[PDB]
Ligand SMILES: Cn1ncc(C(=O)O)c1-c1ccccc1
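So this first bit is one chain, no partners, the form deposited without the ligand, shown in structure tokens.
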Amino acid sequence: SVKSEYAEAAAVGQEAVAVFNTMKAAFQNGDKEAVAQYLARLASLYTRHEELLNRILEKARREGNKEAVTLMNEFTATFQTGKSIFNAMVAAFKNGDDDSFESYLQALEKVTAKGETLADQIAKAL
């Protein structure tokens, strides 16, 4: 159902939290080869998460679930802000710019946490 797709989406978000925290530790420790790999893994997780979110939103639209559509539109907009910051972080890593990388890491943490405050409402509305 749209709910089992939402639980999978939630699990993928949690996988990203796990891999992100491991990546942050590796960045702090100077292990650039590990960071590179975690960044690739986070990019794949973003693509998969986005695909699950799009299927949930499309199914809520086809079901006429107006409140779920509203909440999913808001959440996906914030999700995309996160993804844009993530892309800038990857670019800073490629460019050898640790100052910007650290800043984007902190910013991405705050933007993703902001979007997660909509999760309980979405789960209830689906």
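Note that the rigid core is defined as the largest set of C-alphas that superpose within 1.5 Å between two forms. One-based numbering along the sequence shown.
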Do the Cα atoms of 2 to 10 or of 115 to 123 sit farther, on average, from the shown structure in 9 other deposited structures of this protein when the rigid core is superposed? 115 to 123
Select between 47 to 55 and 97 to 105 the stretch whose C-alpha atoms have the higher average B-factor in the entry. 97 to 105
If you average the CA temperature factors as listed in the entry, which stretch comes out higher, 112 to 120 or 18 to 26? 112 to 120
Split the chain's modelled residues into thirds by Cα B-factor; residue 67 lands in the middle
Rank-wise, by C-alpha B-factor, drop residue 33 into the lowest, middle or highest third of its chain. highest
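Only in words, not in the display: the form deposited with the ligand bound, which the text now covers.
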Is residue 53 close enough to touch the ligand in the bound PDB entry, meaning at least one heavy atom pair within 4.5 Å? yes
Under a 4.5 Å heavy atom criterion, is residue 125 part of the interface with the ligand in the bound PDB entry? no
Does any residue in 1 to 38 get within 4.5 Å of the ligand in the bound PDB entry, counting heavy atoms only, and if so which ones? 6, 9, 10, 13, 14, 17
